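Undergrad:
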Amino acid sequence: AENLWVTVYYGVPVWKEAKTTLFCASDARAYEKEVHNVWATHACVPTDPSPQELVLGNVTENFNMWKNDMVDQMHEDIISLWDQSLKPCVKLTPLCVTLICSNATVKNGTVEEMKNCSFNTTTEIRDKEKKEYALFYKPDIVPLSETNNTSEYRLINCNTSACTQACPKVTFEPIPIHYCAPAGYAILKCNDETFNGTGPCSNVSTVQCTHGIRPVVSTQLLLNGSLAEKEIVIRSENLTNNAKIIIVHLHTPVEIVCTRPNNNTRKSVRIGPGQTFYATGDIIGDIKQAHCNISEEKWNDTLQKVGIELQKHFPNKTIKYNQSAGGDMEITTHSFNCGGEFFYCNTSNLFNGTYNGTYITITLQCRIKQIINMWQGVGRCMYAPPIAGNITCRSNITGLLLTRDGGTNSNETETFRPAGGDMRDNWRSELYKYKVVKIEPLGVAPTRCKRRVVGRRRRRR
Amino acid sequence: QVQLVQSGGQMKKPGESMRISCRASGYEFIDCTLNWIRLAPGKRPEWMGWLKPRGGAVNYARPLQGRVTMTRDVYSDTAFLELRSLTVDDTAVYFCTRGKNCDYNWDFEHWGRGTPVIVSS
Amino acid sequence: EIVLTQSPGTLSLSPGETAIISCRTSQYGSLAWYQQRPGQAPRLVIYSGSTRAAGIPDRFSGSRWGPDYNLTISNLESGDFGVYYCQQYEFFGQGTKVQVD
Amino acid sequence: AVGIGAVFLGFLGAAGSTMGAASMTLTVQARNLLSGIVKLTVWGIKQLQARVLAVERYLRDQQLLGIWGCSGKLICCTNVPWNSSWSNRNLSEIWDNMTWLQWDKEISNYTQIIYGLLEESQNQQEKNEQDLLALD
Amino acid sequence: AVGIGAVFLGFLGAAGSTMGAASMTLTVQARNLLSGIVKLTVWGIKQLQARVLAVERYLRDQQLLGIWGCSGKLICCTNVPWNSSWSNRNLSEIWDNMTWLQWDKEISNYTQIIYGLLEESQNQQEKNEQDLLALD
């Protein structure tokens, strides 16, 4: 014990848990692209070459990837950006007309999926109309009931909600986005890659801004993600819980090549006074239907590694991967955007096979859709115009999304199904490292110093 | 005013299919994981595959996966269960339940009226 | 290995007296109790071990021993008799019934 | 660090250091808290509803330092004895073991109490500041 | 109140009290003037066009205290004799009868003139604190 006096002392670093909306910063020159994009703002211009870093000395702090509010913030950010960038574009409403449709004859053959549909449309003067034809490259057009005529189809937007097309002036792009804290907050970061979702981390580092995050969307598979450096990681709310989810990160990527062999032709249609409508006019080449290719020699080994990783948590239980679960078309099929188009794939052989984890070219047939909801699944309908010529995608698979079966199978067997989920999960797989804490320069701490005495100046005391 | 509406009683015979409704009423959006449970008298109750109507996902749980097929309709706040090839054993009361709150859904708070379905040999 | 077990089978007890129901477990996980009178929609009683549901007096409660659970009740009046079921994550035990003397 | 030198991300390492080093080079937080790094859509309103909050918090802190006589002083002794129950009464023997982040818990409850005595220690100067026969 | 104690709605009773009590516990107004209590519609823009005005007025007052040679001081004398025409030249025996609110009228007209004398009361100090003569 010793004689002491209060000492206002401050300017100190001490932090606490908090929540607050963040500031966005896009990487490199991409802001000049960001002038016109969706999934990128207008515009997250970077004021500094982020991220600068230090390793904090002997600091350990709690983390949590599930309670993390940054994913919750960026979900609202992306959905608002999507809606507002789509808002001023041309609406599609007057096309909902009785479509007469037939087999889509093409050069030296007949195409497999689509239907050649012709309909009445409004010319420039509203008092007259003309016959026009377009090739909707999806069989998804509902045949109108109440009629024995088996050809009077309807566009399915008008069944439930009017829609809007994406202006070609703006483009879908997964531009990387860095989140930067506002003034007075620090974004802590954990560097221990063994972090399995929740618990202490003892190599905490601070940064001005988060690392490269790109908002790319996919279901049943992650595209262009970031890999755990050492081993394949498993993360979950609670594995023994039948519900919730299991997120997996691969140790090395596996190349996915996806392409659209049909040579489409972009066509214009004059629906209104300045409103121009884009549709696939005519196919000018051979037909093979869209498909994707994955090398089996890497991917089988990838399943075997993830299988032994699963068996670590599930002792002596053999792992079965089996068919996709069911339900809607957006999660029974691998969805992923590419080049303004949308691909849907059946997962032909991305599920099958039993692999004990002890060691005792794949083709995907893919459909294509023009009219989509946001993968949110209730929001605004969108029309994506066709892209001329072939489209080719090259991307790196990095993580899988799984859910568990149960709960009265024979105790020695267990089954996992590839099934997507809420869009927050895709970003949460990449945003597991960060927190947001407010710096609080605190109040009073004791010292052996003494009073100020009429405001008198003194030296050391 | 959040509760679940269920209907309705109906007799059946072996080999045929079957359908049961469930609806959320007085309630905004059914984002949170609705469920089904079977309260068979005289035997331990069984839990069947849930439904999560936002994504439309599903998880056929027990050896019922060989018969069960489940759907929903987000634009009417309604969910449907369908069974194929009802055996005599499957006589029970089917309950449409929801979690206490959307974090730990397995604590079934809200329960339906218990639509009975007896199948006679 | 995931199996539950409830005991005893059935009871005949005088109203206003206590009763005891046991529910075992074989994995780390939560627990909850459901009560069922004949016919009507069953009801939540307690969950997450010892925490109590809304709109229930303090007649019903229990303790989490770690590898087992014990549910004890007091002053069980005639109106509150019924069938009680134990829960985990999917597994429902065979249940127990208490009947009015 | 010694003197100042350092950066925000050149001094923040003190957060786990002994209190001796954290006592020195205490300034860069006071330089960081002001503004830091920072068609209408989501990018727009966030530079106002967040910026003004940071400025408001900084003005609040400056006001609180202004009242107690510690205006414009990074370090400021004051006339309030340290009561026994608030903390260790020999922390000159003990702060060499404790970082600030762990220290804050040990006095989190008593800060609002200490401000009450600190305000009095300040405003007793008002009576002395005026109204009797200090001849000069 | 005495010492400080009090609240905004525990000290504002001085508004009708004799000026002696108001000359004590004069602090909570500074603590109050900063923040206080505080799809797009009427709720939104009001938090910005109102909060920023309050912050602006507070900085105006702080700057005006800074120039005169009264920064960080609740109470501050200056070097300006009080000219008889502006008010009672014996208020030391009269302010015990008057509250601030009624006092303000008696010097509302001459308020603008007096700043012109506090400014020279400052800049004479400015001239004095520099040049050659005082070697150390």
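Protein chains in written order, with the entry's author numbering: chain I, 1 to 360, 371 to 471; chain K, 1 to 52, 52A, 53 to 82, 82A to 82C, 83 to 100, 100A to 100D, 101 to 113; chain L, 1 to 30, 33 to 91, 96 to 107; chain J, 472 to 509, 527 to 624; chain F, 472 to 509, 527 to 624.
Each residue gets a CB set at the ideal place from its N, CA and C atoms; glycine is no exception.
#1: State whether the region 448-459 of chain I contacts the region 181-193 of chain I, with contact taken as three or more CB pairs (one from each stretch) at a distance under 8 Å.
#2: Please classify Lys43 (chain K) as buried or exposed, where buried requires at least 16 other C-beta atoms within 10 Å of its C-beta.
#3: Quick check on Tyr603 (chain F): does DSSP put it in helix, strand or coil?
#4: Using a Cβ-Cβ cutoff of 8 Å, what residues of the region 320-346 of chain I are near chain K? List them in chain order.
#5: Since I believe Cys201 (chain I) is in contact with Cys190 (chain I) (beta carbons under 8 Å), could you give me their beta-carbon distance rounded to a whole number of angstroms?
#6: How should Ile555 (chain F) be labelled, buried or exposed, when 16 other C-beta atoms within 10 angstroms of its C-beta is the threshold for buried?
#7: Among K:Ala78, K:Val111, K:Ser112 and K:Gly55, which one has its Cα closest to the Cα of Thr333 (chain I)?
#8: At which residues does the alpha helix (DSSP H) containing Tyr137 (chain I) begin and terminate?
#9: Using the Cα positions of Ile2 (chain L) and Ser26 (chain L), report the straight-line distance between them to the nearest angstrom.
#10: Mind checking which residues open and close the alpha helix (DSSP H) that includes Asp592 (chain J)?
#11: Check whether the region 377-384 of chain I and the region 335-352 of chain I are in contact - that is, three or more C-beta pairs closer than 8 Å.
#12: I want to verify the contact list: residues of chain L whose CB lies under 8 Å from the CB of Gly417 (chain I), in sequence order.
#13: Let me know the secondary structure DSSP gives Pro108 (chain K) once reduced to three states.
#14: Identify each residue in the region 400-434 of chain I for which the Cβ-Cβ distance to at least one residue of chain L is less than 7 Å, and report them in chain order.
#15: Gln500 (chain J) lies in the alpha helix (DSSP H); which residues open and close that run?
#16: Consider the Cβ of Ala477 (chain F): report whether some Cβ of chain J lies at a distance smaller than 8 Å.
#17: Please state the DSSP three-state secondary structure of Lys189 (chain I).
#18: Got a sec: which bits of the region 385-401 of chain I sit with their beta carbon under 9 Å from any beta carbon on chain K, in order along the chain?
#19: Between which residues of its own chain and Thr566 (chain F) is the CB-CB distance below 6 Å, once the five residues before and five after are set aside?
#20: Figure out for me which residue from I:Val233, I:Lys460, I:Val463 and I:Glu440 has the closest Cα to the Cα of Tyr179 (chain I).
#21: Whether or not the region 2-13 of chain I and the region 145-152 of chain I are in contact is what I'm after, with contact meaning three or more pairs of Cβ atoms, one per stretch, closer than 8 Å; do they touch?
#22: What are the boundary residues of the beta strand (DSSP E) that includes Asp70 (chain L)?
#23: Which runs of the beta strand (DSSP E) fall wholly inside the region 41-108 of chain I and span at least 3 residues, in chain order?
#24: List, in chain order, every chain I residue whose beta-carbon is nearer than 9 Å to that of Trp36 (chain K).
#25: Between the Cα of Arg29 (chain I) and those of I:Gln84, I:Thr302, I:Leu222 and I:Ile177, spot the shortest distance and give me the residue it belongs to.
#26: Please report the residue range of the alpha helix (DSSP H) in which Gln537 (chain J) lies.
#27: Strictly below 8 Å CB to CB, what residues from chain I border residue 513 (chain J)?
#28: My guess is that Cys391 (chain I) and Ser161 (chain I) are in contact by the Cβ rule of under 8 Å, so how many angstroms apart are they, rounded?
#29: Taking its Cβ as the centre, do 16 or more other Cβ atoms sit within 10 Å of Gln535 (chain J), making it buried, or is it exposed?
#30: Can you give, in chain order, each stretch of the beta strand (DSSP E) that sits fully within the region 299-326 of chain I and has at least 3 residues?
#31: According to DSSP, is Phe482 (chain J) helix, strand or coil?
#32: Would you check if the distance between the CB atom of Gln6 (chain K) and the CB atom of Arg105 (chain K) is smaller than 8 Å?
#33: Please classify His249 (chain I): is it buried, with 16 or more other beta-carbons within 10 angstroms of its beta-carbon, or exposed?
#34: Which residue from I:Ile407, I:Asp328 and I:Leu411 puts its Cα closest to that of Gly387 (chain I)?
#35: Suppose contacts are defined by Cβ-Cβ distances below 8 Å. Is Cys117 (chain I) in contact with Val257 (chain I) by that definition?
#36: Does the region 405-418 of chain I come within contact of the region 426-443 of chain I, defined as at least 3 CB pairs closer than 8 Å?
TA: Looking at the coordinates:
#1: Two segments are said to touch when three or more pairs of C-beta atoms, one from each, lie closer than 8 Å; by this definition the region 448-459 of chain I touches the region 181-193 of chain I.
#2: Per the 10 Å Cβ criterion, exposed.
#3: In the three-state reduction of the DSSP assignment, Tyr603 (chain F) falls in the helix class.
#4: Hits within the stretch, in order: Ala325, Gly326, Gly327, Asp328, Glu330 and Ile331.
#5: The pair is a contact, with the Cβ atoms about 4 Å apart (cut-off 8 Å).
#6: Exposed: under 16 other Cβ atoms inside 10 Å.
#7: Ranking the options by Cα distance to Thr333 (chain I), first place goes to K:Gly55.
#8: No residue range can be given for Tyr137 (chain I), since it is assigned to no alpha helix (DSSP H) and is classified by DSSP as neither H nor E.
#9: Going by the C-alpha atoms only, they are around 6 Å apart.
#10: Per DSSP, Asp592 (chain J) belongs to the alpha helix (DSSP H) from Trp588 to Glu594.
#11: A contact exists between the region 377-384 of chain I and the region 335-352 of chain I.
#12: Correct list: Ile2, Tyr91, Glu96 and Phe97.
#13: Strand, per DSSP.
#14: If the cut-off is 7 Å between Cβ atoms, the region 400-434 of chain I has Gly416, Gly417 and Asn421 near chain L.
#15: Element bounds for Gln500 (chain J): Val499 to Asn503.
#16: No, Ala477 (chain F) does not count as interfacial toward chain J.
#17: It is a strand residue.
#18: Listed in sequence order: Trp385, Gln386, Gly387 and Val388.
#19: Cβ neighbours of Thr566 (chain F) beyond the five flanking positions: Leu606 and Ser609.
#20: When C-alpha distances from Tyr179 (chain I) are compared across I:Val233, I:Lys460, I:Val463 and I:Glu440, the shortest belongs to I:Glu440.
#21: The answer is no - the region 2-13 of chain I does not touch the region 145-152 of chain I, with fewer than three Cβ pairs under 8 Å.
#22: In the DSSP assignment, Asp70 (chain L) falls within the beta strand (DSSP E) that extends over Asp70 to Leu78.
#23: Runs of the beta strand (DSSP E) inside the region 41-108 of chain I: 53-55, 61-64 and 99-106.
#24: Near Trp36 (chain K) there are no residues of chain I at all, since even the closest Cβ is about 14 Å away, more than 9 Å.
#25: Among I:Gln84, I:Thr302, I:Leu222 and I:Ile177, the Cα nearest to that of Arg29 (chain I) belongs to I:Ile177.
#26: Run containing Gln537 (chain J): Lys534 to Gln537, per the alpha helix (DSSP H) assignment.
#27: Since chain J is numbered 509 and then 527, with no step between, residue 513 (chain J) has no place in the structure shown.
#28: A Cβ-Cβ separation of about 6 Å places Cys391 (chain I) in contact with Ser161 (chain I) under the 8 Å criterion.
#29: With fewer than 16 other beta carbons inside 10 angstroms of its own, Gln535 (chain J) counts as exposed.
#30: If we require 3 residues or more, the beta strand (DSSP E) runs fully inside the region 299-326 of chain I come out as 318-321.
#31: In the displayed model, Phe482 (chain J) falls within a helix according to three-state DSSP.
#32: Against a cut-off of 8 Å, the Cβ pair of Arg105 (chain K) and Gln6 (chain K) comes out as a contact.
#33: By the C-beta density criterion, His249 (chain I) is buried, having at least 16 other C-beta atoms within 10 angstroms.
#34: It is I:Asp328.
#35: The criterion of a C-beta distance shorter than 8 Å is not satisfied by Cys117 (chain I) and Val257 (chain I).
#36: The way I'd put it, the region 405-418 of chain I does touch the region 426-443 of chain I; three or more beta-carbon pairs between them come closer than 8 Å.
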